[PDB]
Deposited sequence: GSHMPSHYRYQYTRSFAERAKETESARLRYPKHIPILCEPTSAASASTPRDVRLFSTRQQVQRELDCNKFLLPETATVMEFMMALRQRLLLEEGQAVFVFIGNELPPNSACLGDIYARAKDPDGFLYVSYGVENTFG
């Protein structure tokens, strides 16, 4: 599935989202990873880790707001767009994170999201 689920125990992921919801019960914890073996480097792991971005956003925030937060976090240039997926589906821009969360959250508490960047 997601790199984060192979490298973090369920127990630690569940604890992480439990703590987030205890303090921010109206916020959605989001784990984003890129849509993307003698293909190995000493750099590969640190760089894969840095591609994983977590967010904690209001349940009332829209998909668009999330996408703008991700754009800021990835510090994308003018010729660059980011698009996001929930289980192969591209969510509507006006959808609320809380509604997507209710339907698509993982058992560990995170909403998992794949992102691709396109260089228009």
May I ask you to mark the stretches of the deposited sequence that the structure leaves without C-alpha coordinates? 1-6, 43-51, 136-137
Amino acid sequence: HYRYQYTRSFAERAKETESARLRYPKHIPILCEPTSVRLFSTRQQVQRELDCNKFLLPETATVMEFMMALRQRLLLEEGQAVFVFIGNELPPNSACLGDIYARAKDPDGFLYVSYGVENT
From here on, numbers count along this sequence of modelled residues.
For 79-87 versus 27-35, entry-based mean Cα B-factors point to 79-87
Lowest, middle or highest third - CA B-factor, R3: middle
Of the three thirds of the chain ranked by Cα temperature factor, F66 occupies the middle
Compared with the other modelled residues in the chain, in which third is the CA B-factor of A95? middle
Ordered by C-alpha B-factor within the chain, which third holds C52? Give me lowest, middle or highest, please. middle
